[PDB]
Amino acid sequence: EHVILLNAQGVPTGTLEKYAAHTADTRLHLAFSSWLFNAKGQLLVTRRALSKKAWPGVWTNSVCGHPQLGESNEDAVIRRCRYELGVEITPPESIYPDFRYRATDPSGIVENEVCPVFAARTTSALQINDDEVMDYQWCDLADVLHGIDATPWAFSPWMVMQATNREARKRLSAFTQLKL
């Protein structure tokens, strides 16, 4: 598994093995983040497993990951939803295409990413992958946003950064409608 390296502007220059790529000195690379809603409009929040190299044991949005060579961002969303959560989804919608961020985790690991954000609906039951996700909750988006506003430090920084972007937040809101 690898990551797609990017330079100063957002242009690909090559690839790099994924573990080896996430260190105290992580270079810029391509990622995605997704927010998943069930038919009832509840948001899936997940807790990263304790074995993740970066932000292990941390509460965050539904799924994130790293597109591979030849993969579109949307296929990467679909693949990681299957891998981490075993779940089928509707075509992922682009809700924050220019999100980019750099952050250091509690033990020193850095994520440095160009990270377009998506939202989708789940169309199957979950089969959680315990190597990736250690806990989860189906919640009202309103509640999640109130908690992020009261105690943002309790959640991953990327989750918080995406949730307070005005435009992304309106799209999350639209996914809370009940759909049969």
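Quick note: we count residues from 1 along the sequence shown, nothing fancier.
Engineer: Tell me which stretch, 13-21 or 152-160, has the higher mean Cα B-factor listed in the entry.
Structural biologist: It is 13-21 that shows the higher mean C-alpha B-factor.
Engineer: Could you check which stretch, 48-56 or 23-31, carries the larger mean CA temperature factor in the entry?
Structural biologist: So the stretch with the higher mean C-alpha B-factor is 23-31.
Engineer: Going by the recorded CA B-factors, say which third of the chain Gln68 sits in, lowest, middle or highest.
Structural biologist: Its C-alpha B-factor belongs to the middle third of this chain's values.
Engineer: Report the third (lowest, middle or highest) to which the CA temperature factor of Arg166 belongs, ranking only the modelled residues of the same chain.
Structural biologist: According to the entry, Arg166 has a C-alpha B-factor in the chain's highest third.
Engineer: Comparing against every modelled residue in the chain, figure out the third that the C-alpha B-factor of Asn7 lands in (lowest, middle or highest).
Structural biologist: It belongs to the highest third of the chain when residues are ordered by C-alpha B-factor.
Engineer: Among the modelled residues of this chain, does the Cα B factor of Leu145 put it in the lowest, middle or highest third?
Structural biologist: Within its chain, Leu145 is a highest-third residue by C-alpha B-factor, going by the deposited values.
Engineer: Ranking the modelled residues of this chain by C-alpha B-factor as given in the entry, is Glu93 in the lowest, middle or highest third?
Structural biologist: Its C-alpha B-factor, which the entry lists for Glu93, ranks in the lowest third among residues of this chain.
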